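Peer 1: Next up is a structure, given as structure tokens.
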Amino acid sequence: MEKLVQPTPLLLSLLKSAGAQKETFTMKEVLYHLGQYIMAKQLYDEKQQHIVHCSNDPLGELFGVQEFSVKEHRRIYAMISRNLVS
Ligand SMILES: CC1=N[C@@](C)(c2ccc(Cl)cc2)[C@@](C)(c2ccc(Cl)cc2)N1C(=O)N1CCN(CCCS(C)(=O)=O)CC1
């Protein structure tokens, strides 16, 4: 079986805000809902479509960054791991 992960309170609140309805997830599911949140809040750069702007959004505090690229997968996994129950 795939390992299920357990978001800490802030990340959990974001994921539910995007439509998640449980407390544990596969990493694929966490990433899906995070992607939905980003799309819904229109955080993508208009011209460089892989760039996500967080400086005006609570996601910035959650991840601890001002911008990131969706191509930086190791970085995104790291940002999520800091917000999982160990
Ligand atoms: C762009 C994109 N890549 C994904 C698959 C991704 C999977 C894993 C990892 Cl580590 C990183 C990225 C994902 C799911 C995502 C997931 C999490 C985050 Cl933080 C951002 C994006 N994603 C996504 O949600 N979207 C939103 C933007 N859409 C843009 C479509 C427009 S077009 C012209 O390209 O058809 C499609 C992809």
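Scheme for the structure tokens: letters A, B, ... for chains in order shown; per-chain residue numbers from 1; ligand numbers from 1 in order shown.
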Check which residues of chain A sit at most 6 Å from ligand 1 using only C-alpha atoms and all ligand atoms, and return one row each with the closest pair of atoms and their distance in Å to one decimal, ordered by chain and rising number, as a tab-separated table.
Peer 2:
```
residue	atom	partner	partner_atom_place_in_ligand_line	distance
A:31	CA	ligand 1	17 (C)	4.2
A:32	CA	ligand 1	14 (C)	4.9
A:34	CA	ligand 1	17 (C)	5.1
A:35	CA	ligand 1	24 (O)	3.3
A:36	CA	ligand 1	24 (O)	5.7
A:39	CA	ligand 1	26 (C)	5.8
A:70	CA	ligand 1	12 (C)	4.7
A:73	CA	ligand 1	10 (Cl)	3.8
A:76	CA	ligand 1	10 (Cl)	5.2
A:77	CA	ligand 1	10 (Cl)	5.8
```
Peer 1: Taking the chain letters and numbering used in this document, name the residues of range 18-70 of chain A that DSSP puts in strand (DSSP E or B), as a ChimeraX atom specification.
Peer 2: /A:25,44,51-53,67-69
Peer 1: Hey, what's within 12 Å of range 13-26 of chain A if we count only C-alpha atoms and toss same-chain stuff fewer than 4 positions away? As a PyMOL selection string, please?
Peer 2: chain A and resi 1-9+30-41+57-63+80+83-85
Peer 1: State, in Å with one decimal place, the distance from CA of residue 72 in chain A to CA of residue 54 in chain A.
Peer 2: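 Separating CA of residue 72 in chain A from CA of residue 54 in chain A is a distance of 15.0 Å.
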Peer 1: Could you find all residues in range 18-75 of chain A that DSSP calls helix (DSSP H, G or I) from the backbone, and write them as a count of residues only?
Peer 2: 22
Peer 1: Out of A:86, A:69, A:42, A:81, which residue has the shortest atom-to-atom distance to residue 56 in chain A when counting only C-alpha atoms?
Peer 2: A:42
Peer 1: Rounded to one decimal in Å, what is the spacing between CA of residue 27 in chain A and CA of residue 43 in chain A?
Peer 2: 21.2 Å
Peer 1: Nearest to residue 64 in chain A among A:48, A:79, A:10, A:29, with distances taken over only C-alpha atoms: which residue is it?
Peer 2: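 Among the listed residues, A:79 lies closest to residue 64 in chain A.
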